[PDB]
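Worksheet: one structure, shown below.
All of the numbers you see were taken from the coordinates with simple rules; none came from a lab. Counting neighbours? That spans all protein chains shown, and the Cβs are built from the backbone with ideal geometry, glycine included.
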Amino acid sequence: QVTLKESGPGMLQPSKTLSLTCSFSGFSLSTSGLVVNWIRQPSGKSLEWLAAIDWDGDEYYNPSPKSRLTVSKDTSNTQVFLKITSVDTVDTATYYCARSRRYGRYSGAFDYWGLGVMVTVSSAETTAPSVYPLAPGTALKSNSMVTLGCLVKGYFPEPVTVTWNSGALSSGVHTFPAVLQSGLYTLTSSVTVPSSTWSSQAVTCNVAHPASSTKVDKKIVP
Amino acid sequence: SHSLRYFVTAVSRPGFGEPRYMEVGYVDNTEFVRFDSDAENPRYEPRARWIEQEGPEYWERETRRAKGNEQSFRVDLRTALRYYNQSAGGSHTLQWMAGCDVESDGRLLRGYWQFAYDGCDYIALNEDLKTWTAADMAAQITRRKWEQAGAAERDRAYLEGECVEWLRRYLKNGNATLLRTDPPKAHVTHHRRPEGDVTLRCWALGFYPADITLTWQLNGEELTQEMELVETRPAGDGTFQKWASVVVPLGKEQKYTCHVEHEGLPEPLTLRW
Amino acid sequence: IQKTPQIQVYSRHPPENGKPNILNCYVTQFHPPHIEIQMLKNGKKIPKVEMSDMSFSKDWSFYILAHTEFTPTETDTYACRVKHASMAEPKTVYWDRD
Amino acid sequence: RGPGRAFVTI
Amino acid sequence: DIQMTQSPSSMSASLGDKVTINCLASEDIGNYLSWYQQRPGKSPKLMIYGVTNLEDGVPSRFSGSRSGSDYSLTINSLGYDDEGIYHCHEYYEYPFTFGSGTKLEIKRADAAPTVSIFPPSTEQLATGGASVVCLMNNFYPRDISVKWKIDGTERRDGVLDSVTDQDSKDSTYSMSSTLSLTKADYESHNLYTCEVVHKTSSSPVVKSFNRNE
């Protein structure tokens with residue numbers, strides 16, 4: 001069973017205090033030789049080990065983060081908490097908790113890992129996306145197939161969804177990854193469509209932003 | 001009497017690496033050979049002074065046997081993990097005791113050949129060196145298959161032959177450090193107490209072997225009071241220490257006599273404060 | 001299925017201040033054989049914890065002896081911390097010239 | 001010398 | 001810290017091909033190293049512990065080796081089920097250092113990127129800012145570079161790039177470049193063009209538009 005789950009608040013403001021908890025149901029930090037260690041990974045980078053706590057209560061830390069880390073267990077061996085004081089925008093990452101066994105003096109590899117909790121640190125507050133069409137070149141020749149675009153600028157939370165013609169058009173679409181810009185995210189979404197259908201029909205871009213509770217539609221016209 | 005004993009520990013280390021295999025050898029109570037599988041180039045090393053005069057063939061064949069037994073314990077650990085319907089991610093231990101206790105003349109008085117799993121008695125070879133005692137329901141399969149193969153016969157052949165003659169050779173080669181008798185230096189310490197009475201402490205240090213008797217007496221009587229004595233501990237050089245305490249009134253410390261009797265002493269030592 | 005360890009901290013030779021001595025921690029009767037023994041001077045971990053053979057007795061419980069060089073003074077406190085599996089919290093035992 | 005197991009599985 | 005360097009940074013192989021991933025330790029990590037596999041969008045699961053011991057449940061086609069101070073992890077019969085990111089471990093010194101991570105994808109026939117230019121929408125201009133984007137779709141492999149020429153000069157400032165991972169449809173890549181300028185600067189010029197060059201075209205594939213059309 002093992003099964004350990006990370007729980008923690010995403011979207012934190014800088015200089016605050018991040019508090020994560022790891023709940024496991026398969027082993028206990030009681031009269032058991034098991035130890036639980038926190039790992040963090042910034043998206044697109046390498047894994048970093050943060051801290052670890054034995055079933056004794058003994059704690060180990062990575063001296064690289066000066067002195068802002070504090071890991072502690074419950075009076076009921078079934079959870080492990082990590083607290084990071086004065087959180088920075090560089091601490092945006094996905095955090096896991098893993099199990100290891102104590103063999104005398106050394107630890108020994110991570111048997112089971114949690115699912116991961118995404119935490120992001122940024123001072124910007126939640127905004128709504130602005131959607132814009134992307135039409136072909138003004139002097140374009142009669143091609144066989146054409147490509148239309150939909151640009152979504154100026155939204156904060158990481159997730160957005162894009163469909164074409166209320167999800168009817170789904171063949172040949174491309175949703176690009178989001179990029180940040182002075183606190184606000186922006187991305188693009190492309191659709192390929194035969195020159196027979198465009199512009200003989202109406203091709204709509206359906207954007208959906210859940211955190212702001214918004215659904216936007218556009219109609220790309222030359 | 002004297003004994004040749006060999007203690008073997010196999011500990012699985014899942015998530016860490018290969019299981020640790022250890023083999024220690026004792027004459028009476030003194031270690032003289034050691035083998036550890038996770039050390040580099042695992043070979044039989046000497047742990048005493050008198051065993052270092054064995055040729056390279058001795059260590060070669062002993063290392064060969066040790067590594068063969070190591071592989072045997074690997075497959076035994078896996079088979080026990082299958083026997084008890086246990087998890088592959090846990091760390092479990094096999095312990096093996098094998099040796100011979102022989103009288104000072106030349107007659108095997110007891111042959112030991114027993115195995116324990118995770119601290120509980122698994123299987124044993126009885127003193128008859130023919131019948132197996134199996135404690136667990138899964139240990140009975142081991143007993144039946146080992147009766148089919150007839151392991152008791154070859155185990156007895158080892159215990160009744162090779163063990164006793166190699167014990168004889170070790171005793172003849174290590175008569176300098178295995179037959180020595182160093183008498184213990186003894187004394188009494190008198191500490192007052194924040195209560196009102198006095199703690200007397202009898203000490204016996206630097207003796208061999210560990211067989212020692214330490215008692216306090218009131219007026220030559222077996223004493224009728226809370227006597228606290230600790231267990232015989234090694235010093236880290238071949239000798240042992242011991243001490244026995246007694247809480248006595250202020251002024252009657254001269255009534256108490258500490259008696260220490262050792263096998264290396266001409267007469268039992270009696271000490272007063 | 002586990003056995004709690006027993007600890008004895010002591011000096012090899014009769015201790016006196018300024019004279020060099022070997023302080024050792026004798027830990028017996030425990031299971032499984034995965035334990036950690038640390039020697040502490042004034043609270044800090046000594047790195048010279050050279051330990052002996054992790055052997056076991058007839059009761060199948062393991063024992064071990066971990067010694068280190070030191071010099072007894074009336075101002076320095078020395079102890080042995082053991083971390084096993086059977087004790088919820090690590091056991092610290094201070095040296096005392098009984 | 002010590003004892004040999006003769007590769008006999010328990 | 002015993003920083004551990006993993007290499008290569010990214011590998012690409014055919015179906016069934018044997019591949020090797022190496023890892024070095026600055027200090028002596030003798031048999032204190034494990035290899036973890038992380039699937040796309042999942043958590044790293046443990047694969048090999050010790051150095052050559054596969055964790056129970058791992059297909060036997062994987063192997064772990066050690067040669068002096070460089071650790072290797074080999075896999076011979078590669079399938080689509082193994083594409084992902086791989087990590088080294090160190091569990092010896094307490095600052096546990098990880099590898100850089102190595103991405104393993106599956107090869108395919110080289111593809112040319114389809115590039116398209118998208119002139120700013122009047123609304124964008126109305127706001128006051130302007131962003132020109134020129135996407136490149138369905139190419140292989142990952143290596144590709146864009147230039148953005150504004151009436152003959154480069155003006156490589158103010159550009160943002162966003163490259164996707166391999167497509168779930170056929171393992172092809174996509175890139176989107178957005179040049180965000182002011183409305184005054186956008187009206188300052190006329191001709192705007194993208195210059196993307198791939199390991200297939202030998203000559204830069206070019207696309208452009210003119211504002212006054």
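Observations, loosely collected:
- Residues of the stretch E:119-148 that turn out to be crowded, with 17+ Cβ neighbours inside 10 Å, outside any loop (DSSP other than H, G, I, E, B) and in contact (Cβ under 8 Å) with a residue 12 or more places away in the chain, as a count: 12
- Residue pairs meeting the criteria (Cβ under 7 Å; at least 6 apart or on separate chains; first assigned to a loop (DSSP other than H, G, I, E, B), in the stretch C:33-56; second among the charged types (D, E, K, R)): C:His34/A:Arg102; C:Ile35/C:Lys83; C:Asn42/C:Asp76; C:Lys48/C:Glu69; C:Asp53/B:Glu31; C:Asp53/B:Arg34
- Considering residues of the stretch E:50-73 that are touching a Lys or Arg at 6+ places or on another chain (Cβ under 9 Å) and of a type in the set (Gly, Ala, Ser) only, the residue farthest from the other protein chains (Cβ to nearest Cβ): E:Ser72
- The test for being over 27 Å from B:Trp203 (Cβ atoms), within 9 Å of chain B (Cβ to nearest Cβ), surrounded by 14 or more Cβ atoms within 10 Å (Cβ to Cβ) and more than 13 Å from the chain's Cα centre (by Cα) holds for C:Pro33.
- Criterion applied to B:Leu250, B:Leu223 was being more than 10 Å from chain C (Cβ to nearest Cβ), surrounded by 15 or more Cβ atoms within 10 Å (Cβ to Cβ) and outside any strand (DSSP E or B), and the one residue passing it is B:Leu223.
- B:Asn69 being touching a residue at least 24 places away in the same chain (Cβ under 8 Å), under 23 Å from B:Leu178 (Cα atoms) and of a type in the set (S, T, N, Q): no
- The lone exception for E:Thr153 - which of (1) surrounded by fewer than 20 Cβ atoms within 10 Å (Cβ to Cβ); (2) closer than 24 Å to A:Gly172 by Cα; (3) without any contact (Cβ under 8 Å) to a residue 12 or more places away in the chain it fails: (2)
- Condition met for A:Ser76 (within 13 Å of chain E (Cβ to nearest Cβ), part of a loop (DSSP other than H, G, I, E, B) and more than 16 Å from A:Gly8 (Cα to Cα)): no
- Strands (runs of 3 or more DSSP E) (entirely within the stretch E:34-83) containing at least 1 residues that are exposed (fewer than 13 other Cβ atoms within 10 Å of the Cβ): E:62-67
- Search result, residues across the stretch A:7-62 that are among the aliphatic types (A, V, I, L, M), in contact with a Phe, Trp or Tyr (Cβ under 7 Å, 6 or more places away or on another chain) and part of a loop (DSSP other than H, G, I, E, B): A:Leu29, A:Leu47
- Residue selection: A:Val146 fails the criterion of being among the β-branched types (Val, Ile, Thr), facing chain E (nearest Cβ under 10 Å), touching a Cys at 6+ places or on another chain (Cβ under 7 Å) and in a strand (DSSP E or B).
- E:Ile29 being buried (at least 20 other Cβ atoms within 10 Å of the Cβ) and not in a loop (DSSP other than H, G, I, E, B): no
- Members of the stretch E:96-118 found to be facing another protein chain (nearest Cβ under 8 Å), in a loop (DSSP other than H, G, I, E, B) and surrounded by 19 or more Cβ atoms within 10 Å (Cβ to Cβ), listed by number: E:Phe96, E:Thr97, E:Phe98, E:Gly99, E:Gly101
- The residue that is nearest to B:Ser12 (Cα to Cα), among those in the stretch B:28-69 that are in contact with a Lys or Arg (Cβ under 9 Å, 6 or more places away or on another chain) and among the small types (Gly, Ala, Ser), is B:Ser37.
- Selection over the stretch A:205-222 of residues that are surrounded by 19 or more Cβ atoms within 10 Å (Cβ to Cβ), part of a strand (DSSP E or B) and not charged (D, E, K, R) gives a count of 4.
- Qualifying residue in the stretch A:99-121 (condition: among the hydroxyl-bearing types (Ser, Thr, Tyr), surrounded by fewer than 15 Cβ atoms within 10 Å (Cβ to Cβ) and assigned to a loop (DSSP other than H, G, I, E, B)): no
- Residue selected from the stretch B:66-92 under the condition in contact with a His (Cβ under 8 Å, 6 or more places away or on another chain) and closer than 22 Å to A:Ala109 by Cβ, by the criterion nearest to the other protein chains (Cβ to nearest Cβ): B:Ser91
- Selection status of A:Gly137, in contact (Cβ under 8 Å) with a residue 60 or more places away in the chain, within 8 Å of chain E (Cβ to nearest Cβ) and not hydrophobic (A, V, I, L, M, F, W, C): no
- Test: residue in the stretch E:85-95 that is away from chain B (no Cβ under 12 Å), at negative phi, surrounded by 14 or more Cβ atoms within 10 Å (Cβ to Cβ) and free of Cβ contacts under 8 Å to residues at least 60 places away in the same chain: yes
- Residues (more than 9 Å from every other protein chain (Cβ to nearest Cβ) and not in a loop (DSSP other than H, G, I, E, B)) located in the stretch B:36-65: B:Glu45, B:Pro46, B:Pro56, B:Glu57, B:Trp59, B:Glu60, B:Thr63, B:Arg64
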